[PDB]
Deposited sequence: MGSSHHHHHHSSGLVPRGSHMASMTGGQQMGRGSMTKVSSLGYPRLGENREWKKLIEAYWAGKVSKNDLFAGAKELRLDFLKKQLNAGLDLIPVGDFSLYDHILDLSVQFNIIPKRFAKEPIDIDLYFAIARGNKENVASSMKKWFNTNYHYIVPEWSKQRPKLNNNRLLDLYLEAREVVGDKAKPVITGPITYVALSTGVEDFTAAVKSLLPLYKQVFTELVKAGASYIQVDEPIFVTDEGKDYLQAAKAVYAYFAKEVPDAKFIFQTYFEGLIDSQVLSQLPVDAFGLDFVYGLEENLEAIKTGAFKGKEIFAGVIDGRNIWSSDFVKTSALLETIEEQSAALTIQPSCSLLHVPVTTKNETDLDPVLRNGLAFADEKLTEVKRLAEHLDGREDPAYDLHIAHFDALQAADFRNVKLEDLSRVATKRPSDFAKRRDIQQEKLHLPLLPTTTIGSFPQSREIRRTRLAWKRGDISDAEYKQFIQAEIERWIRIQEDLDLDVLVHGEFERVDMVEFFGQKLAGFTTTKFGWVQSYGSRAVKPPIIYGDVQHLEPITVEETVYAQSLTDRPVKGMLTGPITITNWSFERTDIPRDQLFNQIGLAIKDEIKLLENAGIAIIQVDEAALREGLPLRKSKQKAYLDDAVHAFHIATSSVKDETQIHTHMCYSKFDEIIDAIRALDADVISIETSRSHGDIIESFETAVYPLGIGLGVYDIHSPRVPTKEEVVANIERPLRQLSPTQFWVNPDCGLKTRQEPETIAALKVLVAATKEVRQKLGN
C-alpha cells in the first residue's frame, strides 16, 4: 500500500566540510557564537531539505551535533565531569569537555566497531537533570521545514550508561535517567512528535545479554509514562541478541540491521515473533559505499513485509558513517561511479525500494539494476590473479632453524635496537609537486632520508628505517600503485570531533603492478652499513581503513591483498633488503563485535599473512608490528603468524603486557616498545631499563629487541632525538649481562 521510508542519521560535515571549518574556526577564536550557531543552523536546514526532497516519510532529527552525540547527552543530562562542575553550562563548557581547557578533556572511545569515536561520560555524585532543551529545539526547528515527517532521534539510557565510565551501580544510574527521558519524550510528543527513534545498539553486543531485564523495565516505563509516543527500539551493527525475549518489549517498532545482522534477524522474524509489530528494516548498508543490490534487497523486503504488521525501509545505521555524495566525484570512471552510493544516493535508494514494494512502476528501478550489473561485469572485477595453489603458505624452515641462519648473516648484538619505521614529518609543505618536478621532490625526500640515517647512526641504533617521509597515510600510499584501488576527491567521513578521514575505495581485484616502496628502502640501505628495514602495511589495516568491496567474501579479498604484499616483498628481497616488516594497526577495529565470530576473522588474517610472507628465503627476517594492548585472546593467532619478530607496545603497562607471551611460552622474537610515542615527554633512563627488564623475568633475553612503542611521525624532532638517546637504557641492561 504505502510503505514508509526513513533514516537513522546524517553526516554533520556538509558537502565540503564546512562544519569542520566552522567549529575549528570557533575554537581558534575566529568565529563568534552568533556565526557558530547560525552556521550550524544553515547546515541543519540544508540536511533536512535534502532528506525531504529525497522522499523520506520519517526524517531523523537530533543526531546533528557540534562534536559528539554522546557528549550532547552528558551535557543535556548533567553528567559533567567533576573537574568542570563550577563552569557555566554553555557551548564553551561543551567544547571544554570535548577538548579540555586547567582541566583535561574527557576521553574518547570507538563507537562500537565503526571508525567513529564518542566522548565517554564520567559519572559521579552529581544528580542527573535536564540542563537544556537541546532535542526539543531541534525538533521544533525541523517541523518548520518538514512538518510531521520530523522524527526525533536519541541514544537510549541503557546504551548510554554502558558506554559510560565511573558508574558504580548500573541499574541505579539507568533509573536516575528515566525521568529525564520521560520529560524529553513528553515535550516532543506535546510538540507534535509521534515516532521516536531510541538507539539501543548495546543490544547487538555480547555485553548486551546482561541487560535484557533492564530493557523490559526501561521500555515498560516509557510505554506507561508516554503512551502516545510510537517508540522505535533501534539497533544496528549486528543482529538483535535474544530476539525472542527482546521482541516482547512493549514498543511499537523495532529497528533491525539486515546488512550486518542478516542471518540472525532474518531467522528472528521467520519465527513470526514480530508479526504484530512494525519493523524498521535496515536494508541499505549505512557504513559502506556501494549501490544496493536491488534484486536481492527487494526480495528480502517481501519476506520482511509478510512477517510484520508494518514495514518502514531505511539504512542499516546512521549515514554518519559514509561520505555525503558521489555527485562531484568527476575523476571516477562512470561504470564505477554509477555503482557507487554515498549518503545522499542512499536516501534515493531507500525511496525507490519502497515504491517498488508498493507495486509502483519506476524506470529508475531497472536502470539501477542495469548500472549495478554493469559494475559486476567490469573488466577490473574479472582480473586473472596468481594461482594460489602454487603459492607457499608456510616457510621452508621453522623459527628455530631460521634464527641461526639469520643470526649468522646479520650478527646483531643482544637486545638489538631499532624503530618502527616513521620519523617526525616537518616536509608537508614540499609535498606542492600543485607542481614541482618529481626529481626535485625525490631529491628533497632523499635528503631527509639521508639526514635521519646519520642521526640513527649517531644514536647508534642497530637496525635503521628510512623514515617514511614520502608517506602521508600507511594505507593510501600502497593503494595508489595497486590495481583495484582508487581515491575520492571529497569522500570524507567524521572520525572524532572535527577530525575526518577520506578512506580509499577498493573497487576491483587487487593486483601488484609496480614497485611501491623499493626505491626509498634501497636508497636508505645504500647510505649505511647497518641493516635497513622495509615497511609494508597488512590486509587487516588496508581493508579496515578502506571501503572494501562487498561482492566478494572477506577471505578472498584478504588473500588478494596478501598476494600483492608477497609480490612487493619479493622485489624488496631481490634488491637486498634483509629485514622486512608488515604493519598492522587496525586489529582492534577489525575484530568482529561478536566473540563467536572472532576466530574466523583471525584465521583469515593469519592465512593472508602466510600468503604474504612465506615466499622469502630463510635468511630474510620477517617482522610484524601490531598496534594492540590485549594479547591474551589472540596469542594463538600471533604464534600462528610465524613472524621472526613481533614488536609490541609495552610502555603503557611497564612490560606487563608480556604476560600473555609468558603463559604461552612464546618461542619467537619479540620487540619491546619501551616509550609512549603518543606523549611529548622524554622517558627517564631508569624508567626505560625497568621497562626492558620486566619481560626478562622468564623469557630468554635472546628473544627481545628494544624499540619505541610505535612510529614517531606524530612526535616532534627534538623530543624524539632525546627520547631515542633509551639506547643507553638498552646498553645498560646489556652491561649487567
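Participant: Could you spell out the stretches of the deposited sequence that were left without C-alpha coordinates, going in sequence order?
Facilitator: According to the deposited record, C-alpha coordinates are absent for 1-33, 135, 461-462, 468, 471-472, 765, 778-779, which together make up the missing parts.
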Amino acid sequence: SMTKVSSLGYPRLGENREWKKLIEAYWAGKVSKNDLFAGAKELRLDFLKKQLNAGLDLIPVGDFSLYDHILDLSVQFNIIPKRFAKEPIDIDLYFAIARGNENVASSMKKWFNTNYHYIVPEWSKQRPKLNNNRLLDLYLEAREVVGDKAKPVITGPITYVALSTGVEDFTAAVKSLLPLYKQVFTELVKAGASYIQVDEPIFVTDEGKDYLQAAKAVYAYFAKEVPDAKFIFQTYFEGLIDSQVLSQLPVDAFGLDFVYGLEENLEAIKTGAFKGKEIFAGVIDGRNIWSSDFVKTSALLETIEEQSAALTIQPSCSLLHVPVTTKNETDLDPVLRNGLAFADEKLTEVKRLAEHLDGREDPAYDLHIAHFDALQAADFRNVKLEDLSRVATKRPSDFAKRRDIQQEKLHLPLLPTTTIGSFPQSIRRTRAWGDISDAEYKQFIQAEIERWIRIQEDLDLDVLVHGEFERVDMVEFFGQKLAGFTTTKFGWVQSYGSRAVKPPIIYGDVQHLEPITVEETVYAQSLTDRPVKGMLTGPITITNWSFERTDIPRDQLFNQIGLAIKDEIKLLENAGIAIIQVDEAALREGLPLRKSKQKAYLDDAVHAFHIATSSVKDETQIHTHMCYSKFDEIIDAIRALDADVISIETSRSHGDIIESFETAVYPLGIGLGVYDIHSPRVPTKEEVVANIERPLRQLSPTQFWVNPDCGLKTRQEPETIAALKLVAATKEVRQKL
From here on, numbers count along this sequence of modelled residues.
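Participant: Mean C-alpha B factor from the entry: is it higher for 287-295 or for 527-535?
Facilitator: The recorded data point to 527-535.
Participant: Select between 146-154 and 266-274 the stretch whose C-alpha atoms have the higher average B-factor in the entry.
Facilitator: The stretch with the larger mean CA B-factor is 266-274.
Participant: Taking the Cα B-factors listed in the entry, which of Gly62, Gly29, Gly39, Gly671 comes out highest?
Facilitator: Spelled out: the listed residue with the top C-alpha B-factor is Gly671.
Participant: Please pick out which of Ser176, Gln406, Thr550, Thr348 has the largest Cα B-factor as recorded in the entry.
Facilitator: Spelled out: the listed residue with the top C-alpha B-factor is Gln406.
Participant: Is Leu52 in the lowest, middle or highest third of its chain when residues are ranked by C-alpha B-factor?
Facilitator: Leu52: CA B-factor falls in the middle third of its chain.
Participant: Please place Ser7 in the lowest, middle or highest third of its chain by C-alpha B factor as given in the entry.
Facilitator: For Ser7, whose C-alpha B-factor we compare with every modelled residue in the chain, the answer is the lowest third.
Participant: Sorting the chain's CA B-factors, does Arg134 end up in the lowest, middle or highest third?
Facilitator: Ranked within chain, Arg134 CA B lands in the lowest tercile.
Participant: Which third of the chain does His69 land in by C-alpha B-factor: lowest, middle or highest?
Facilitator: For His69, the deposited C-alpha B-factor lands in the lowest third.
Participant: So where's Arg44 on the chain's Cα temperature factor ranking, which third?
Facilitator: Lowest third - that is where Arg44 ends up once the chain's C-alpha B-factors are sorted.
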